[PDB]
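Presented below, as C-alpha cells, is a lone chain in the form deposited without this ligand.
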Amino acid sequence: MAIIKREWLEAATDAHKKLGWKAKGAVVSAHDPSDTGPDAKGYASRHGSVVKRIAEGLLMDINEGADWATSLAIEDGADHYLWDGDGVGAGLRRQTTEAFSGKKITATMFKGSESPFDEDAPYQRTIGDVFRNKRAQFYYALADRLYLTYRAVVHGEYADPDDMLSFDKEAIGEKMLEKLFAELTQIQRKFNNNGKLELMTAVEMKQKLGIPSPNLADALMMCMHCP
C-alpha cells in the first residue's frame, strides 16, 4: 500500500548532478506544525525541481514553530510559503503574514482534506475522479516526480527536469535526508469506497502502525503545490 519506493529516493538523491541539470524556477517552502503531541515539526524547501532543505523543529510551541519555519523561508529566499492548516495550524495566517511583512513571499494555507486543486480538469476522467483530496493529489505529485526521476537515473529514460525531483544531498545533509526517506516510505494508500486514491492520515498511521507523524514527508508534499 506504500506509494513511494526507497529505490526511487536513492536514485533521486543528487539526480540533478547525475543527469547534469540545474535548479530552475521558484523557491517553494512549506511548514508542517505537527499537532499538540511530542512529534517534531517539519519544514521543506525546493528551488524548482531541486530540494535544498529538510528541517525538523524541536521543542517549539505552535507560534515558535511558525517563527522558525517562516524564518527558514526567508533564509531560503522563498517565493512561496505554505503551511498545514487542517489542524493546529488553522490560526497561523496572521503570524505568517506578519513574518513576511515587506517581503515578496506569498503565504498559502494548505488543507489536505480539501477536494483536489483544479478538480474538474482532465487527469493526465478528471482530477477529482482520481484523487479524493489535496493530500492524495500532492503526495502522488511527489511520487510521480520521484518515479520519473528513478526511470531517468536508473533506466536512462528521458524526462523533463521540470517533472523530476532531485535531493541536493550536500545542501540537505545526510542525516535529515535519511529521516525524510524513512518517513516517505511509510506513506500509505487507504481503502476508498468511491474508487479514488486516498492516503492514511497521521492519526491513522499512529493507530494502526504505531508510527510517529511524518511531518518531514508532509512538509515536502505540501511544497509540491506552487501557488
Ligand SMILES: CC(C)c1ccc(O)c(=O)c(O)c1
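Only residues modelled in both forms are compared. A residue's number is simply how far along the shown sequence it sits, counting from 1. Take the two forms, superpose them, and find the largest set of C-alpha atoms that agree within 1.5 Å; that set is the rigid core.
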For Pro161, record whether it is unmodelled in at least a third of the other compared entries of this protein.
no
Where the other entries model residues on both sides, is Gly48 skipped in at least a third?
no
What size is the break between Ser101 and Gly102 in terms of deposited sequence residues left without coordinates: none, 1 to 3, 4 to 9, or 10 or more?
none
Mean B factor on CA atoms, stretches 13-21 and 205-213, record says higher is 205-213
Comparing 101-109 with 138-146, the one whose average Cα B-factor in the PDB entry is higher:
101-109
Just to confirm, going by the entry's C-alpha B-factors, which of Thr70, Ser45, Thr36, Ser49 comes out highest?
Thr36
Report the option among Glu198, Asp32, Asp61, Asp163 whose CA atom has the maximum B-factor in the deposited record.
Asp61
Chain thirds of CA B-factor: placement of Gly128:
middle
Within this chain's modelled residues, let me know which third the CA B factor of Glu56 belongs to: lowest, middle or highest.
lowest
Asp118 CA temperature factor, ranked by third within the chain:
highest
Assert third(CA B-factor, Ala66) within chain per record equals middle
Ranked by Cα temperature factor within the chain, is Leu184 in the lowest third, the middle third or the highest third?
middle
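The form deposited with this ligand bound exists for this protein as well; it is not shown, and the discussion that follows is about that form.
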With heavy atoms only and a cut-off of 4.5 Å, decide whether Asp39 touches this ligand in the entry with it bound.
yes
So in the entry with it bound, does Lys22 come within 4.5 Å of this ligand, heavy atom to heavy atom?
no
Would you classify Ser213 as touching this ligand in the entry with it bound, given a 4.5 Å non-hydrogen atom cut-off?
yes
Taking this ligand as it sits in the entry with it bound, is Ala202 in contact with it (heavy atom to heavy atom, 4.5 Å or less)?
yes
In the entry with it bound, segment of 181-189, 160-168, 57-65, 27-35 with a heavy atom within 4.5 Å of this ligand:
27-35
Heavy atom within 4.5 Å of this ligand in the entry with it bound: which residues of 82-101 qualify?
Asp84
Once the rigid core is superposed, exactly one of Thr70, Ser45, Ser34, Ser166 has its CA displaced by 2 Å or more between the shown form and the other one; which residue is that?
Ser34
Change in CA distance between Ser213 and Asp35 in the entry with it bound, which is 3 Å or more, as closer or farther
farther
For residues common to both forms, which consecutive runs of 3 or more show C-alpha displacement of 2 Å or more between the shown form and the other one upon rigid core superposition, listed in sequence order?
34-37
